[PDB]
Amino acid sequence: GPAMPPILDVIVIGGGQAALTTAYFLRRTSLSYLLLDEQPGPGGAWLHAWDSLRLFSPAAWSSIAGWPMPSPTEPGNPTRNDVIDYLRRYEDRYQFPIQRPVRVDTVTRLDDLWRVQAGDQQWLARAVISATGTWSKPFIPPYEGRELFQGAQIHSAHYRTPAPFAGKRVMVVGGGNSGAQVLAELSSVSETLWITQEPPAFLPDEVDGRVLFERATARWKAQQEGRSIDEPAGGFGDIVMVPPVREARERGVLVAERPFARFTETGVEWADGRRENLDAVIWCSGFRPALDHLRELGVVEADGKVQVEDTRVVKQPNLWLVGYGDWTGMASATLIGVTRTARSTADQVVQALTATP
């Protein structure tokens, strides 16, 4: 049968939801393409989510393009394992060209093509779409004295179960949905403190993450009609009152302080005299984009982000970034929201590559 094409039209780097949704749209084109994903099997970063994690909206509101997420038969929003299974079944449905396990090291512009390199294995492509997520680049803010702290430090990226924290005094740093959920779970076994940059904001009890998607969509539509609305703010990471978080609220757990000033050997200290000893800190302080494979090109800013117009990289030809965060399209880092930019990305790749008869 035919060899792999010496030049692929498109390489997609990654194999999670964003890559798959991009693959869905590429399948209605005539372009040759290939997905390269570093893990042994399907599931993207959901493989690394903590054991109890569930989505903040129902299945219907957590679907990527095409085949929708099966409704769970047990009560509650889809679990981590539900998402993994969804993605696994979605790949089985469409038989996308995916190679695993392939860790892309770099991307090199050579002659007017992209050379994509994973160790020994290299491919050439006319276009490269990066959809590598964020989980592999946990971010911790640069607080003084962290190196001195003698208790446990872990990022949420590495959290799985609350067991080893039981009976301890634990600080959760970071708001949003992740902070609130991790805090809620830790508080069931440990004495907790929550640190957030701003006072946390909660959605009403009767609503779900579809509200956050609406807000996102309203923002991009305004960014694109008569563009305005600084007031009110987006509240784009207001907290959804998922069951464990609603239970935490009843126990008085959802109260936060503003950031401390430094770490000591035994805990933290604020500029105003607050001083708190801690056995462990769980950093729910977010992530940077997983763009190490673009560093040699020089496009990754001090931010860790890259200058883009929607998903198109500004400084370089025929490169797109899909699904990383609002900075690559409002709501693009969610199951429901990635579709809009995966779709428009595929159209832009077509526009760049299709040739007259």
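One rule holds for the numbers: they count along the sequence shown, beginning at 1.
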Mean C-alpha temperature factor, higher of 65-73 and 328-336: 65-73
Averaging the C-alpha temperature factors as deposited, the higher value of 76-84 versus 223-231 falls on 223-231
Note to self: of 126, 246, 210, 100, the C-alpha temperature factor tops out at 246
Highest CA temperature factor in the entry: which of 192, 121, 177, 130? 121
So where's residue 293 on the chain's Cα temperature factor ranking, which third? lowest
Relative C-alpha B-factor of residue 204, binned into the chain's lowest, middle or highest third: middle
Against its chain's modelled residues, does residue 117's Cα B factor rank lowest, middle or highest third? middle
Rank-wise, by C-alpha B-factor, drop residue 32 into the lowest, middle or highest third of its chain. middle
Please place residue 307 in the lowest, middle or highest third of its chain by C-alpha B factor as given in the entry. highest
